[PDB]
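Asker: One structure is given below, represented as structure tokens, and several questions about it will come after.
There are 4 protein chains.
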Amino acid sequence: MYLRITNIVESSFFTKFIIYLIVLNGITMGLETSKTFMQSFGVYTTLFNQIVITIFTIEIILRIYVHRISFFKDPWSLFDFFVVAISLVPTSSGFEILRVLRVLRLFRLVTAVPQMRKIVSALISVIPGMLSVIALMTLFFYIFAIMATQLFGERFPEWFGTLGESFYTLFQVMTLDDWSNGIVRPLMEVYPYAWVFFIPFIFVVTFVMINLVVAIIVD
Amino acid sequence: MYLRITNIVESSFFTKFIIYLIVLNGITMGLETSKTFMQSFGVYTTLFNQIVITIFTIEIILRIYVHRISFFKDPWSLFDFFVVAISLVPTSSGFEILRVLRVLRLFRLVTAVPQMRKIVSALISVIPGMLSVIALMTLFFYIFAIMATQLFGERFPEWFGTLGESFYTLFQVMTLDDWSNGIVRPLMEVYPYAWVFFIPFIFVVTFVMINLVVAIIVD
Amino acid sequence: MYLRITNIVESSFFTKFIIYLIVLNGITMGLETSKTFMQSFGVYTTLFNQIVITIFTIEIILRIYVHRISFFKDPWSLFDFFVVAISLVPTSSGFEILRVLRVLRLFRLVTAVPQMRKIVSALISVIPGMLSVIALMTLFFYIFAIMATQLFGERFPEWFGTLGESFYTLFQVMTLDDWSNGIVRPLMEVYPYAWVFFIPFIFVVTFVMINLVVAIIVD
Amino acid sequence: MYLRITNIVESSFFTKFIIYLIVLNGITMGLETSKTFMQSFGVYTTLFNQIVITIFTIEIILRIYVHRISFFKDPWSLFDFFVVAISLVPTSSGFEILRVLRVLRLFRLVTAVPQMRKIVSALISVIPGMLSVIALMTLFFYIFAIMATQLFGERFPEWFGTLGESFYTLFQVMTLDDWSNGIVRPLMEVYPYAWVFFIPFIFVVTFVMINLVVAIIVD
Ligand SMILES: CCOC(=O)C1=C(COCCN(C)C)NC(C)=C(C(=O)OC)[C@H]1c1ccccc1Br
Ligand SMILES: [Ca+2]
Ligand SMILES: [Ca+2]
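Now the structure itself:
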């Protein structure tokens, strides 16, 4: 009798059972940071991990039985699938980072609690309207990063030797973080006019962000 | 004597006298900071402090007789109690710290001047809307602080050794405080891809902030 | 005698004469910056400044014969008065800083050109709305300067050694300037809990400002 | 007959064709940034460029036939002209700052795509309303830059030795970047009241900026 399992997943106790579970693995993962805790009580913490990872895998499968193909247009579930799946690749071999990846699963507190999903809606939703302004700027970064690599990358490789470096550096300058005493004044000992580059650049990059914040605000 | 006391506390001179005294204690507390000045007046001051702390103690008692239970449903009045109270623990016995905490009674000039109560009130009133966006931020901070301890706490313990440290650093980075030349460039000498953590983090953190302001303005 | 002079001061020639003299002086003052120029043309422009100072003085006297009381209840005319008067104080010997206040006379470009006054006035108009907030800030900064000088002033005399210094260092923290790697991290080497003064202070100091601006928008 | 060419220029293939060319050269110019790529494909890109600068040149000529005297009244076309003109001067052997200036041609992506031109058009559009404020700021900066040179250039020539420098530092202090520990605290070692120049300065420049944004928002 299909509808019988299908009704369990939708219950208020199931989700909250899961919500109460994630909060537990999350607090677990916190204590997992304490080096003292991890070998004074480490086995319980390894155990909770396999249980919860199994239980969550069960929970996702049930919702798959229930939702069938309509599960794969729920971003939240797609997220849940990929985030639980992540926590399931075997540690042995491969990437130790995937082992760190597991904690992303703590974002399920977001996935399972309606206000957070609703908070994100305010967050995600101004983004599509910005992609155009994000397009102009990105282009600018791409153009200026290039000019910065050719003008300063020979003598200042750490900062500008490569395209990526001009980007990472320019972002920094864009965040305005220790940009003068830290990047331009040194440049200017070798290339006295480097300010004719950065000062306009900062302007454009500063100006755009400001007006971008404005168009967001009126709405 | 109920009405007789009631007419005292409510007079325009008692509060003005008490307010005047606050302005007086505040002038002395500033004065107390000079170690020269202390030698000449140290005792001289020491008593004005104990006089003012008593006069105020009288005040709190008088105001309580009039209101009984209605005194302790006034958030502004509770604060006055708690602020004068902790100034009652003796100059030792627990921590020389309480001795520094007592300066909080100058927040009484706020307490006693109505124009200020509205500004503070206007200020406090923005907060409840934020508590949803605030909570969400705390989760992201909690998740990333964990990944950060595991990723960077071994080679860079000052910055990421513990959740606390991972937190503190992240807050700093959140403030974009010397974040670039000062933290992420050093991380990258060891973990070249560390920019994949902070650059996305900085994005989320500055973005959510915008909308925290956006939602404030619009609402 | 009245109108003929009166027919002078409201005339487009008079003000414009005074305007072109500001701009010329604004240009002459740039030249005075180079030791090189001053070396071989210094006596040339030391005199030009003098004519203009006289001309501005004649100008202030005239507007007074014409206006009298009306003159000294006009803020833009009062500034001019004061910004001309200060420029009347002797350069070479005795007091040296007033010699530097002279270039303040380039602010006469603001008073004499109508689009500037309106923008300055629009700008000033914002101020009354925020004075309650501003008073609050100074009480708040003060309260904190006291706690700071006594908490940290001993091991970090430079940063908190004096009431005035703690105001200063705290003001820096509000600009978020090099605040963490630069101040709090160091403070924490000795006083691990110093983040309990500065992280809340930061949140609050950030909070109020944001609201002051939001207050401007709403106003 | 002149009519026959005119129908080619105006086609939907044409403008789309040029855009597509821009994106190739834009991808291609990222490739000129890698010396590695240059030891294999450099010969392809040194000429792929040259025919693009040829094709764009042919195209600019064409658009001049079709639009006549009205072409040099089109802001976007005028740019195309100059940004293409720059790209034609061969290789080295003059001022080779110009070889990198070639990349400004990737901004034709902006001129030729209508959403980008709007944002940009929208963005520039805020400028005319700022020009009164920019004028004021620059008069403020220029004034404070003069003063800094007379007060601080002797002992701190790197920073205030000359007007330009004084300008630069003041710009830096305005972006609030490592201003205290980086500039003013060192100043104060020799000239103790420098905080009185810089903190009011810091306020004003901060005051205007906040207030201009509010003006953007309401209008
Ligand atoms: C939210 C969890 O973060 C923490 O554990 C910390 C608290 C408790 O969290 C409070 C978070 N909030 C007040 C900022 N005090 C704050 C303030 C820290 C921090 O770096 O946050 C900016 C760290 C910390 C904890 C234990 C021992 C040392 C440290 Br150092
Ligand atoms: Ca810095
Ligand atoms: Ca900084």
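Protein chains in written order, with the entry's author numbering: chain A, 1001 to 1219; chain C, 1001 to 1219; chain B, 1001 to 1219; chain D, 1001 to 1219. All C-beta atoms in this analysis are idealised placements derived from N, C-alpha and C, irrespective of residue type, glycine included.
Nearest CA to the CA of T1149 (chain B): which residue from C:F1107, C:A1145, C:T1149, C:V1103?
Answerer: Nearest C-alpha to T1149 (chain B): C:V1103.
Asker: Strictly below 7 Å CB to CB, what residues from chain C border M1209 (chain B)?
Answerer: Here the premise fails: no neighbours, minimum Cβ distance about 11 Å.
Asker: Under the rule that 16 or more other beta-carbon atoms within 10 Å means buried, what is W1076 (chain C), buried or exposed?
Answerer: Answer is exposed; the Cβ neighbour count stays below 16.
Asker: In the DSSP assignment, find the unbroken alpha helix (DSSP H) run with residue 1225 (chain C) in it and report its ends.
Answerer: Residue numbering for chain C in the displayed model covers 1001 to 1219; residue 1225 (chain C) lies beyond these limits and cannot be assessed.
Asker: Which chain C residues are close to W1159 (chain B), counting only those with a beta carbon under 9 Å from its beta carbon?
Answerer: What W1159 (chain B) touches in chain C: nothing, since even the nearest Cβ is about 14 Å away.
Asker: So which residues on chain B does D1178 (chain C) lean against when the C-beta distance must stay under 8 Å?
Answerer: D1178, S1180, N1181, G1182, listed in chain order.
Asker: Identify whether residue 948 (chain D) lies in helix, strand or coil by the three-state DSSP scheme.
Answerer: For chain D, the structure presents residues 1001 to 1219; residue 948 (chain D) sits outside this window and is missing.
Asker: Using a Cβ-Cβ distance under 8 Å, would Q1039 (chain B) count as near chain D?
Answerer: Not one chain D Cβ lies under 8 Å of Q1039 (chain B).
Asker: In whole angstroms, give me the CA-to-CA distance for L1212 (chain B) and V1218 (chain B).
Answerer: For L1212 (chain B) and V1218 (chain B), the distance between alpha carbons rounds to 10 Å.
Asker: Considering only residues of the stretch 1087 to 1151 of chain B, which uninterrupted alpha helix (DSSP H) runs meet the minimum length of 4 residues and lie entirely inside it, listed in chain order?
Answerer: The stretch 1087 to 1151 of chain B contains these whole alpha helix (DSSP H) runs: 1098 to 1101, 1108 to 1112, 1114 to 1125.
Asker: Answer yes if the stretch 1061 to 1069 of chain C comes into contact with the stretch 1189 to 1207 of chain B, meaning at least three C-beta pairs across the two stretches below 8 Å, and no otherwise.
Answerer: Contact fails: fewer than three Cβ-Cβ distances are below 8 Å.
Asker: Is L1176 (chain B) near ligand 1 - that is, is its Cβ less than 7 Å away from at least one heavy atom of it?
Answerer: Checking the Cβ of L1176 (chain B) against ligand 1 gives no.
Asker: Going by beta carbon distance, what residues of the same chain come within less than 8 Å of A1112 (chain A), once the five residues before and after it are set aside?
Answerer: Answer for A1112 (chain A): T1015, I1018, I1019, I1022, listed in chain order.
Asker: Which residue marks the beginning of the alpha helix (DSSP H) containing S1166 (chain C), and which one marks its end?
Answerer: That run of the alpha helix (DSSP H) goes 1163 to 1174.
Asker: Which residues of chain D have a Cβ atom closer than 7 Å to the Cβ of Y1020 (chain B), listed in chain order?
Answerer: What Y1020 (chain B) touches in chain D: nothing, since even the nearest Cβ is about 16 Å away.
Asker: CA-CA distance, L1031 (chain D) and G1164 (chain B)?
Answerer: Cα to Cα, the separation comes out at about 56 Å.
Asker: If distances are taken between C-alpha atoms only, which option among A:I1216, A:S1087, A:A1215 comes closest to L1098 (chain A)?
Answerer: Checking every option, the nearest Cα to that of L1098 (chain A) belongs to A:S1087.
Asker: What three-state label does DSSP hand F1198 (chain B) in the structure shown?
Answerer: Three-state result, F1198 (chain B): helix.
Asker: Could you tell me whether the Cβ atoms of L1170 (chain A) and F1141 (chain A) are closer together than 8 Å?
Answerer: Yes, these two residues count as a Cβ contact at 8 Å.
Asker: How many angstroms separate the CA atom of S1040 (chain D) from the CA atom of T1033 (chain D)?
Answerer: For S1040 (chain D) and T1033 (chain D), the distance between alpha carbons rounds to 13 Å.
Asker: How long is the line joining the alpha carbons of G1026 (chain D) and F1082 (chain B), rounded to whole angstroms?
Answerer: If I take the Cα positions, the gap works out to 58 Å.
Asker: So which residues of chain B does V1133 (chain D) contact, with C-beta pairs closer than 8 Å?
Answerer: Within chain B, the residues near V1133 (chain D) are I1119.
Asker: How would you label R1108 (chain A), buried or exposed, when you count the other beta carbons within 10 angstroms and need 16 or more for buried?
Answerer: Burial call: buried.
Asker: Got a sec, what are the start and stop residues for the alpha helix (DSSP H) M1001 (chain D) sits in?
Answerer: Looking at the DSSP string, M1001 (chain D) is not in any alpha helix (DSSP H), and its letter there is neither H nor E.
Asker: How many whole angstroms separate the CB atoms of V1084 (chain C) and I1051 (chain C), which I take to be in contact at a CB cut-off of 8 Å?
Answerer: Wrong, their Cβ atoms sit about 14 Å apart, outside the cutoff.
Asker: Are the CB atoms of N1049 (chain B) and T1036 (chain B) within a distance shorter than 8 Å?
Answerer: The answer is no: Cβ separation not under 8 Å.
Asker: Please determine, among B:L1123, B:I1058, B:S1132, the residue with the shortest C-alpha to C-alpha distance to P1114 (chain C).
Answerer: Selected option, being the one with the closest Cα: B:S1132.
Asker: Taking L1078 (chain B) as the reference, which of B:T1175, B:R1105, B:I1055 has the closest Cα?
Answerer: Out of B:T1175, B:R1105, B:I1055, B:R1105 has the C-alpha closest to the C-alpha of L1078 (chain B).
Asker: Please indicate yes or no: does the CB of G1182 (chain C) lie closer than 7 Å to some heavy atom of ligand 2?
Answerer: Yes, the beta carbon of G1182 (chain C) sits closer than 7 Å to at least one heavy atom of ligand 2.
Asker: So which residues on chain A does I1216 (chain D) lean against when the C-beta distance must stay under 8 Å?
Answerer: Residues of chain A passing the Cβ test: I1210, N1211, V1214.
Asker: List, in order along the chain, the chain C residues whose C-beta lies closer than 7 Å to that of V1103 (chain A)?
Answerer: Result: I1143, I1146, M1147.
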